[PDB]
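Read the structure below first, then the notes.
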Amino acid sequence: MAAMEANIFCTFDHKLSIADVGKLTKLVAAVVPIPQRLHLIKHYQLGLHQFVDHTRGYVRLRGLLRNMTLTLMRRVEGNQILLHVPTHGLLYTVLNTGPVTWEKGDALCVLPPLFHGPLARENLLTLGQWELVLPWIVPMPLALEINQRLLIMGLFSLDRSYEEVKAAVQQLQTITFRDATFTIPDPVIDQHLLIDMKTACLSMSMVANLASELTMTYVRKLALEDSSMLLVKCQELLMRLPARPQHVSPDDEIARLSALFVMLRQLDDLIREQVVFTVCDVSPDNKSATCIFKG
Amino acid sequence: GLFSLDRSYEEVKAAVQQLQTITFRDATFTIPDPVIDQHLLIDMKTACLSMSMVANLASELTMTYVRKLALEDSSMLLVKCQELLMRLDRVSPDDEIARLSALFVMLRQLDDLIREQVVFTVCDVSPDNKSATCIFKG
Amino acid sequence: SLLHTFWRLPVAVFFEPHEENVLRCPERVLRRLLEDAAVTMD
């Protein structure tokens, strides 16, 4: 087999107006997804507009986006986009596209955009029943919360009334992460969210079975003599209802804690999808950042 | 760290003496105890609190959720898991959302413990074991 | 009379005739088979 081309040329068949080439020159060293990995790909496969459906299933978009090969834009010119699928380990700069402020030392993940539509009025290379769609490069805790609220909106919507659902979407669509408010476009329950719910509930049932005689009564013994805002804030989400430990057997506790770590990781990987960039240093206007872990 | 409260007994003290040491490949290594002067530091307290909270919330919510899941049951793996919940055992909706959210917060506050990345792997070790040659893996 | 089972909670089925066997007998069918077995009987 011929090797995977690190220099991917994108071509264009539409008559490019001059403002379209201008807006295409803004997006140098940004992230775009492509599934083909050929050398002379067209423009239809480039981006994410090949997978935007009438369903607007954002969980379906997150499910497909993990399989797409991420590349970097370079050397934009007349009808030519030289893309570079980056090898793992080295470093080169990326550029933000959404209004998400970053830090140093944190990590970045790939994500489909939030409130995507004519609300922020993106004229991002619109031509002939096709738009250039950009995946968001979002930091780590935003990527944690944007799937945590997804899974909670999945789990709550069972066996309950629809007015509870319509009162629950508006309680769990805003995210006030880092001086900005984001809204998720139509969180809709599908079979993918169902199988994610099945994995989550099985793992937490198994870890509820896996809990030892001491780790479930640690807060129950702690909350008699301790006083802290952390312990008070975590106590009220529990029900109401010296002593001796029953049997200390640490040879069993090592195995219980090990398998409990496996169950906690098995719950954990539902919201910790992939670290795709580790940001090292940003631009002061935060338009770009030199980062590592490309690929 | 989990035995920080019941340290007054003697079985727990002998258990701390047991867990504090470790035998390895020609290693009689011993660790320090995370408790000093019968009170626990805030890092270990947050760790054990998060673990006890996720264990308690799993023991509370999951029976109700899988019992609700049996109406829309589509796999035999799901019906048999609530059977062991019934075996082991022998509210405002915003508070329920708060419980699920706090469960995921305690899950997020534990990834610094439950996993770790391998950094190096050894290609060759120098004789007398003072140095070794490793490829990087980040 | 009625059976006494080990596993407490029931399990749904998805199998085929070519997979593992299962007793699925409608009530009028077993009733009629009991009639046919009763009447068919130096």
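Going through the structure tokens in order, the chains are called A, B, and so on, while each chain numbers its residues from 1 and the ligands are numbered from 1 in the order shown.
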- request: Within 9 Å of segment 111-113 of chain B, counting only C-alpha atoms, which residues show up once you throw out same-chain ones fewer than 6 positions away? Write them as a PyMOL selection string, please.
  value: (chain A and resi 261+264-265+268) or (chain B and resi 47)
Quick one: contact table of segment 25-77 of chain B to segment 180-203 of chain A, 8 Å max, nearest atom pair and distance in Å to one decimal per residue, counting only C-alpha atoms, chain and number order, as JSON lines?
```
{"residue": "B:62", "atom": "CA", "partner": "A:201", "partner_atom": "CA", "distance": 6.7}
{"residue": "B:65", "atom": "CA", "partner": "A:201", "partner_atom": "CA", "distance": 7.5}
{"residue": "B:66", "atom": "CA", "partner": "A:201", "partner_atom": "CA", "distance": 7.1}
```
message: Among segment 96-249 of chain A, which residues does DSSP mark as strand (DSSP E or B) when it is run on the backbone? Keep the chain and numbering as in the structure and answer as a list in words.
response: residues 107, 108, 109, 110, 111, 126, 131, 136, 137, 138, 139, 174, 175, 182 and 183 of chain A
task: Mind listing the alpha helix (DSSP H) residues of chain B, per DSSP on the backbone, as a PyMOL selection string?
output: chain B and resi 10-20+42-69+76-89+93-108+111-114
Let's have the selection written as a compact mmCIF listing (two decimals), in the first residue's frame, with C-alpha atoms.
```txt
# COMPACT_ATOMS: atom_id res chain seq x y z
CA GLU B 10 -5.38 -2.15 67.89
CA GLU B 11 -6.44 -4.31 64.95
CA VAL B 12 -6.45 -1.13 62.86
CA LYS B 13 -3.00 -0.20 64.15
CA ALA B 14 -1.60 -3.62 63.27
CA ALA B 15 -3.30 -3.25 59.88
CA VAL B 16 -1.52 0.09 59.39
CA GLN B 17 1.75 -1.62 60.33
CA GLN B 18 0.93 -4.28 57.74
CA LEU B 19 -0.01 -1.95 54.89
CA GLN B 20 2.77 0.55 55.54
CA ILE B 42 -6.98 17.80 53.36
CA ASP B 43 -5.78 16.01 50.20
CA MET B 44 -6.42 12.54 51.62
CA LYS B 45 -9.65 13.75 53.22
CA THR B 46 -10.95 14.96 49.86
CA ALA B 47 -9.85 11.68 48.25
CA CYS B 48 -11.58 9.38 50.75
CA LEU B 49 -14.61 11.69 50.87
CA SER B 50 -14.99 11.54 47.09
CA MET B 51 -14.63 7.76 47.07
CA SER B 52 -17.09 7.28 49.92
CA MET B 53 -19.52 9.64 48.21
CA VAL B 54 -19.43 7.81 44.88
CA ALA B 55 -19.82 4.47 46.69
CA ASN B 56 -22.79 5.80 48.68
CA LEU B 57 -24.49 7.34 45.65
CA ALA B 58 -24.01 4.14 43.67
CA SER B 59 -25.56 2.22 46.54
CA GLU B 60 -28.49 4.66 46.54
CA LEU B 61 -29.47 5.50 42.96
CA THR B 62 -28.72 2.44 40.90
CA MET B 63 -31.50 0.18 42.18
CA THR B 64 -34.09 2.77 41.20
CA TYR B 65 -32.47 3.40 37.83
CA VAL B 66 -32.18 -0.24 36.79
CA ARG B 67 -35.71 -0.91 38.09
CA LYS B 68 -36.81 1.89 35.78
CA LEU B 69 -34.64 0.36 33.05
CA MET B 76 -30.45 -9.88 29.45
CA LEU B 77 -27.29 -8.41 30.98
CA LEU B 78 -29.42 -5.60 32.42
CA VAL B 79 -32.10 -7.66 34.14
CA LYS B 80 -29.61 -9.90 35.91
CA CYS B 81 -27.64 -7.00 37.35
CA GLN B 82 -30.56 -5.72 39.40
CA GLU B 83 -31.01 -9.25 40.74
CA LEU B 84 -27.70 -8.95 42.55
CA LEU B 85 -28.78 -5.54 43.82
CA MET B 86 -31.83 -7.18 45.38
CA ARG B 87 -29.47 -9.85 46.72
CA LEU B 88 -27.05 -7.29 48.18
CA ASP B 89 -29.77 -5.23 49.87
CA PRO B 93 -36.19 15.88 40.72
CA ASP B 94 -33.76 18.79 40.96
CA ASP B 95 -32.26 17.08 44.00
CA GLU B 96 -31.94 13.94 41.88
CA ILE B 97 -30.11 15.92 39.19
CA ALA B 98 -27.95 17.34 41.97
CA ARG B 99 -27.18 13.82 43.19
CA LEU B 100 -26.17 12.65 39.71
CA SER B 101 -24.09 15.79 39.20
CA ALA B 102 -22.31 15.34 42.53
CA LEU B 103 -21.64 11.71 41.61
CA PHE B 104 -19.95 12.85 38.42
CA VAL B 105 -18.06 15.53 40.36
CA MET B 106 -16.67 12.90 42.73
CA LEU B 107 -15.85 10.80 39.66
CA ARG B 108 -13.97 13.73 38.12
CA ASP B 111 -8.99 10.53 37.89
CA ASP B 112 -5.75 11.74 39.47
CA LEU B 113 -5.74 8.48 41.46
CA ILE B 114 -7.54 5.81 39.45
```
query: For chain C against chain B, which residues fall within 12 Å using only C-alpha atoms, given as number ranges by chain?
result: C: 6-15
message: One number please: atom CA of residue 127 of chain A to atom CA of residue 14 of chain A, in Å, one decimal.
response: 7.4 Å
Can you build me a table of chain A residues sitting at most 9 Å from chain B, with the closest atom pair per residue and its distance in Å to one decimal, using only C-alpha atoms, sorted by chain and residue number, as a Markdown table?
```
| residue | atom | partner | partner_atom | distance |
| --- | --- | --- | --- | --- |
| A:89 | CA | B:138 | CA | 7.5 |
| A:144 | CA | B:108 | CA | 8.2 |
| A:148 | CA | B:104 | CA | 7.1 |
| A:149 | CA | B:101 | CA | 8.1 |
| A:152 | CA | B:100 | CA | 6.9 |
| A:153 | CA | B:97 | CA | 8.8 |
| A:155 | CA | B:65 | CA | 8.1 |
| A:156 | CA | B:97 | CA | 7.5 |
| A:158 | CA | B:68 | CA | 7.1 |
| A:159 | CA | B:68 | CA | 6.7 |
| A:164 | CA | B:93 | CA | 8.3 |
| A:168 | CA | B:94 | CA | 8.3 |
| A:171 | CA | B:94 | CA | 9.0 |
| A:198 | CA | B:78 | CA | 7.6 |
| A:201 | CA | B:62 | CA | 6.7 |
| A:202 | CA | B:81 | CA | 7.1 |
| A:204 | CA | B:58 | CA | 5.7 |
| A:205 | CA | B:62 | CA | 5.7 |
| A:206 | CA | B:81 | CA | 7.8 |
| A:207 | CA | B:58 | CA | 7.0 |
| A:208 | CA | B:59 | CA | 4.8 |
| A:209 | CA | B:88 | CA | 6.8 |
| A:210 | CA | B:55 | CA | 8.7 |
| A:211 | CA | B:55 | CA | 6.3 |
| A:214 | CA | B:2 | CA | 8.0 |
| A:215 | CA | B:52 | CA | 5.3 |
| A:216 | CA | B:52 | CA | 5.5 |
| A:217 | CA | B:52 | CA | 7.4 |
| A:218 | CA | B:52 | CA | 6.1 |
| A:219 | CA | B:52 | CA | 6.4 |
| A:221 | CA | B:5 | CA | 7.8 |
| A:222 | CA | B:5 | CA | 7.4 |
| A:230 | CA | B:46 | CA | 8.7 |
| A:231 | CA | B:49 | CA | 8.1 |
| A:234 | CA | B:53 | CA | 7.8 |
| A:235 | CA | B:53 | CA | 8.9 |
| A:237 | CA | B:99 | CA | 5.9 |
| A:238 | CA | B:57 | CA | 7.9 |
| A:243 | CA | B:6 | CA | 8.7 |
| A:244 | CA | B:6 | CA | 7.8 |
| A:245 | CA | B:6 | CA | 7.5 |
| A:247 | CA | B:11 | CA | 8.9 |
| A:248 | CA | B:12 | CA | 6.9 |
| A:249 | CA | B:15 | CA | 8.1 |
| A:250 | CA | B:15 | CA | 7.2 |
| A:258 | CA | B:114 | CA | 8.9 |
| A:260 | CA | B:114 | CA | 9.0 |
| A:261 | CA | B:114 | CA | 5.4 |
| A:262 | CA | B:114 | CA | 7.7 |
| A:264 | CA | B:114 | CA | 7.2 |
| A:265 | CA | B:114 | CA | 6.6 |
| A:267 | CA | B:107 | CA | 8.0 |
| A:268 | CA | B:107 | CA | 6.7 |
| A:293 | CA | B:138 | CA | 8.4 |
```
Output the selection as a compact mmCIF listing (two decimals), in the first residue's frame - N, CA and C atoms for each residue.
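Resulting contents of result_24.txt:
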```txt
# COMPACT_ATOMS: atom_id res chain seq x y z
N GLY A 89 3.36 13.31 18.84
CA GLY A 89 4.45 13.63 19.72
C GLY A 89 5.04 15.01 19.52
N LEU A 144 -15.48 17.86 29.84
CA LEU A 144 -16.06 17.01 30.87
C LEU A 144 -17.53 17.33 31.09
N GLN A 148 -21.07 15.31 30.66
CA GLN A 148 -21.73 15.01 31.92
C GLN A 148 -23.19 15.44 31.88
N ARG A 149 -23.45 16.65 31.38
CA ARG A 149 -24.83 17.10 31.25
C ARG A 149 -25.58 16.31 30.19
N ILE A 152 -26.52 13.04 31.98
CA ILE A 152 -27.54 13.27 32.99
C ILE A 152 -28.89 13.53 32.33
N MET A 153 -28.91 14.30 31.24
CA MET A 153 -30.15 14.48 30.49
C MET A 153 -30.61 13.19 29.82
N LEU A 155 -30.14 10.14 31.41
CA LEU A 155 -30.58 9.25 32.48
C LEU A 155 -31.86 9.74 33.14
N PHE A 156 -32.07 11.06 33.19
CA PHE A 156 -33.23 11.58 33.90
C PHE A 156 -34.51 11.35 33.12
N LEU A 158 -36.07 8.99 31.76
CA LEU A 158 -36.77 7.72 31.76
C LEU A 158 -37.95 7.77 32.71
N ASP A 159 -39.08 7.23 32.25
CA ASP A 159 -40.27 6.92 33.06
C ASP A 159 -40.88 8.16 33.71
N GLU A 164 -41.59 17.57 32.96
CA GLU A 164 -40.33 17.44 33.68
C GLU A 164 -39.15 17.47 32.72
N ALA A 168 -36.35 20.24 32.51
CA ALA A 168 -35.01 19.74 32.78
C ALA A 168 -34.01 20.09 31.69
N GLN A 171 -32.79 23.59 32.52
CA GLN A 171 -31.87 23.59 33.64
C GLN A 171 -30.52 23.01 33.29
N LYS A 198 -26.64 2.32 29.37
CA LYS A 198 -26.56 0.93 29.80
C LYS A 198 -25.19 0.61 30.37
N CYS A 201 -24.91 2.51 33.85
CA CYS A 201 -25.69 1.97 34.95
C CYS A 201 -25.17 0.60 35.36
N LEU A 202 -24.68 -0.20 34.41
CA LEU A 202 -24.09 -1.48 34.78
C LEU A 202 -22.82 -1.28 35.59
N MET A 204 -21.98 1.32 37.48
CA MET A 204 -22.23 1.84 38.82
C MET A 204 -22.98 0.83 39.69
N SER A 205 -23.77 -0.06 39.09
CA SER A 205 -24.35 -1.15 39.86
C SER A 205 -23.27 -2.10 40.36
N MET A 206 -22.31 -2.41 39.49
CA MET A 206 -21.24 -3.31 39.90
C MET A 206 -20.35 -2.68 40.95
N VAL A 207 -20.14 -1.36 40.89
CA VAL A 207 -19.32 -0.75 41.93
C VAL A 207 -20.12 -0.56 43.21
N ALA A 208 -21.45 -0.50 43.13
CA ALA A 208 -22.26 -0.50 44.34
C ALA A 208 -22.19 -1.85 45.02
N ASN A 209 -22.19 -2.92 44.23
CA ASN A 209 -21.97 -4.24 44.78
C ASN A 209 -20.55 -4.39 45.30
N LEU A 210 -19.60 -3.71 44.67
CA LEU A 210 -18.20 -3.88 44.98
C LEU A 210 -17.76 -3.11 46.21
N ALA A 211 -18.62 -2.28 46.77
CA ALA A 211 -18.24 -1.46 47.91
C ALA A 211 -18.05 -2.32 49.15
N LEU A 214 -16.38 -0.75 54.79
CA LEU A 214 -15.85 0.46 55.40
C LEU A 214 -16.00 1.69 54.53
N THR A 215 -15.92 1.55 53.20
CA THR A 215 -15.92 2.73 52.35
C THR A 215 -17.31 3.33 52.19
N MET A 216 -18.36 2.58 52.52
CA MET A 216 -19.70 3.15 52.48
C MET A 216 -20.09 3.81 53.79
N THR A 217 -19.37 3.52 54.87
CA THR A 217 -19.65 4.14 56.15
C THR A 217 -18.57 5.12 56.56
N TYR A 218 -17.69 5.51 55.63
CA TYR A 218 -16.64 6.46 55.98
C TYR A 218 -17.21 7.84 56.24
N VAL A 219 -18.09 8.31 55.36
CA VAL A 219 -18.74 9.59 55.60
C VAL A 219 -19.72 9.48 56.76
N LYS A 221 -19.30 7.71 59.47
CA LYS A 221 -18.55 7.86 60.71
C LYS A 221 -17.89 9.22 60.79
N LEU A 222 -17.58 9.83 59.65
CA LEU A 222 -16.86 11.10 59.64
C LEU A 222 -17.75 12.26 60.06
N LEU A 230 -17.36 21.57 52.78
CA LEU A 230 -17.35 20.46 51.82
C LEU A 230 -18.21 19.30 52.31
N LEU A 231 -18.03 18.91 53.57
CA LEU A 231 -18.78 17.78 54.11
C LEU A 231 -20.26 18.12 54.28
N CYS A 234 -21.81 18.10 50.76
CA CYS A 234 -22.02 16.77 50.21
C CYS A 234 -22.95 15.92 51.05
N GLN A 235 -23.26 16.33 52.28
CA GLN A 235 -24.11 15.49 53.10
C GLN A 235 -25.59 15.60 52.74
N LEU A 237 -27.22 15.83 50.02
CA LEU A 237 -27.71 15.01 48.92
C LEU A 237 -27.83 13.54 49.29
N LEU A 238 -27.70 13.22 50.57
CA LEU A 238 -27.90 11.88 51.09
C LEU A 238 -29.12 11.85 52.00
N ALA A 243 -17.96 3.17 67.86
CA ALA A 243 -18.28 1.90 67.23
C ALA A 243 -16.99 1.18 66.86
N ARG A 244 -17.15 -0.01 66.29
CA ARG A 244 -16.06 -0.88 65.92
C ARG A 244 -16.11 -1.17 64.43
N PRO A 245 -14.96 -1.25 63.76
CA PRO A 245 -14.95 -1.85 62.42
C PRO A 245 -15.28 -3.33 62.53
N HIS A 247 -14.59 -6.22 60.35
CA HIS A 247 -13.41 -7.07 60.23
C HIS A 247 -12.43 -6.40 59.28
N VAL A 248 -11.29 -5.99 59.81
CA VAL A 248 -10.24 -5.47 58.96
C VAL A 248 -9.55 -6.63 58.27
N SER A 249 -9.64 -6.66 56.95
CA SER A 249 -8.96 -7.67 56.14
C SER A 249 -8.39 -6.97 54.94
N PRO A 250 -7.21 -6.36 55.08
CA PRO A 250 -6.66 -5.55 53.99
C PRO A 250 -6.25 -6.35 52.78
N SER A 258 -8.80 -2.40 43.97
CA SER A 258 -8.31 -2.51 42.60
C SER A 258 -9.46 -2.65 41.62
N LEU A 260 -12.47 -1.79 42.19
CA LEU A 260 -13.20 -0.54 42.28
C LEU A 260 -12.55 0.54 41.44
N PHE A 261 -11.22 0.52 41.33
CA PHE A 261 -10.56 1.45 40.43
C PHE A 261 -10.89 1.12 38.98
N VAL A 262 -10.98 -0.17 38.65
CA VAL A 262 -11.39 -0.56 37.30
C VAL A 262 -12.81 -0.10 37.00
N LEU A 264 -14.35 2.42 38.46
CA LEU A 264 -14.36 3.88 38.40
C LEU A 264 -13.80 4.37 37.08
N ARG A 265 -12.80 3.68 36.54
CA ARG A 265 -12.29 4.04 35.22
C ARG A 265 -13.31 3.71 34.14
N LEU A 267 -16.52 3.79 34.57
CA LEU A 267 -17.47 4.88 34.56
C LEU A 267 -16.84 6.15 33.99
N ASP A 268 -15.53 6.32 34.18
CA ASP A 268 -14.86 7.57 33.86
C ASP A 268 -14.75 7.80 32.36
N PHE A 293 1.27 17.21 21.22
CA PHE A 293 0.39 16.03 21.17
C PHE A 293 -0.45 16.02 19.91
```
query: Contacts of residue 5 of chain A at 12 Å or less, counting only C-alpha atoms, minus same-chain residues fewer than 6 places along, as a ChimeraX atom specification?
result: /A:36-41,71,82-87
